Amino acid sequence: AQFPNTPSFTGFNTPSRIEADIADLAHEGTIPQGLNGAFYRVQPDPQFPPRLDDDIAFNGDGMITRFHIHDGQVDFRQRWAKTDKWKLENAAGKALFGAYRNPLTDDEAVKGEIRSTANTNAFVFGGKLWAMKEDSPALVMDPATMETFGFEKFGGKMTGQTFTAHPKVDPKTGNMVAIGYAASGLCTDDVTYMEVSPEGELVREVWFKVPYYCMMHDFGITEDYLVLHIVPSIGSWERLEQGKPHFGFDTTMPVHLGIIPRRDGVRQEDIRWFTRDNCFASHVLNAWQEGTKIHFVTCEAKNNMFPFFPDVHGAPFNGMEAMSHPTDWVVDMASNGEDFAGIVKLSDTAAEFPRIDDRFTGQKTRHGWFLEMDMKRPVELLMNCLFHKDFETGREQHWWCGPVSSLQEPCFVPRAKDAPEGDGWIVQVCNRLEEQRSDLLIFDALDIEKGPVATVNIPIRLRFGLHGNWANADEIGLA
């Protein structure tokens, strides 16, 4: 196939499209014997050249990578997420769906079809592997064979059109907590709040409305609440009719924070909204309650972080104002009015792709891990450091991948099911950009600054990844 000669399909973005198996990858150092499970991650990877002259990275078909770590070795398996899109285009021999989140650029033959690329998260829950994309139901797969089952509509009990790619698991109940925005159609202000039992059943689905339609990419949960940030990366049908990127950023609009009680029969009037001045925030580290306060830790930038979803008023992209920092948004359920109680910058380190020890989701956490952009480092060819913060001592650790590499999202793996918070490992893919290959790095999570304890060579160049997760062998049929 002939792909376009553009930055989205060349260099680091050259198409790969590899399905593969490798046993016992070559490595340096010591792979911890204590690791027994698998790290799943997803890369957008176009099956076909795009319908339009160009495309963006968020729009490639989801390709799922699994690193099965056991007995001191790492095995590699990679397979397509066989979405309806993937199947339809595979049969036609060509692209049928068009631009990102824009059905007006699709072939008439796929009108009304689910558009998901399942390319944003690879998540294990309830014995299934979930390949997720926030414009559609999630695609469920077999975590062991990595075959595709199909889209999860919960037998038809799901009434919304969409399902998040940033699900959260409630440690108290074991439920998956999810939202689905644009729930009644593209660009609508309807959102569902959903919980899924460990058994896979949709046990709650609550419809509500948000102040305005926007990219509701992530959210937080607390013991009693779902915490939803409303950030003005906005879209509209008018944008799509005109061929603009679906989203653009409006610096003139306020940011809101919605507090949704996690209970049955929640009404619109039960939801509380707080309001602050414009900023950009996408990913949520964690959120928790303290007394009457809710703490909501996100990575906040002064302005838009997506150059390909541009400023709606024509402004050129401002790299400096896209630097994000871990920030606590604090609201007080006992106050009157909409003002935030506090907006507290927690580090001067520029950081994104935040992660916690997910066993403590919705509770006060001591540790966070991030990708860091350290603009003071040499670059001889961009997230170039792993960053850990101990929020109780304030101590920060940094590990630099060197001047010819970059890093993908870290994932925390507990040492044992009863281990203290953060007692375990970080795994992450490293892009060896000059050598055109990839490594899987393994760190001691509380001592990242000494460097990885193992470097596992991947003889396939991996593409830009989005989100990834660990599951123990007994959760994925590999025990």
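Start at 1 with the first residue shown and count on from there.
Unmodelled residues of the deposited sequence between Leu381 and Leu382: 4 to 9. Averaged over their C-alpha atoms, the temperature factors of 71-79 and 314-322 are higher for 314-322. Taking the mean C-alpha B-factor of each stretch as recorded, 432-440 and 50-58 are not equal, and the higher mean is that of 50-58.
Take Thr120, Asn90, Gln363, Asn102 and read off each C-alpha B-factor from the entry; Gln363 has the highest. Residues shown: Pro137, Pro143, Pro354, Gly243. Highest C-alpha temperature factor in the entry: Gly243. Per the deposited record, the Cα B-factor of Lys450 falls in the highest third when ranked against the other modelled residues of its chain. For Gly402, the recorded CA B-factor ranks within the highest third of the chain. Only modelled residues enter the ranking. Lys417: CA B factor in the highest third of modelled residues in this chain (values from the PDB entry).
Ranked against the other modelled residues of its chain, the C-alpha B-factor of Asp332 as given in the entry falls in the middle third. Among all modelled residues in this chain, the alpha-carbon of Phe149 has a temperature factor (C-alpha) in the lowest third.
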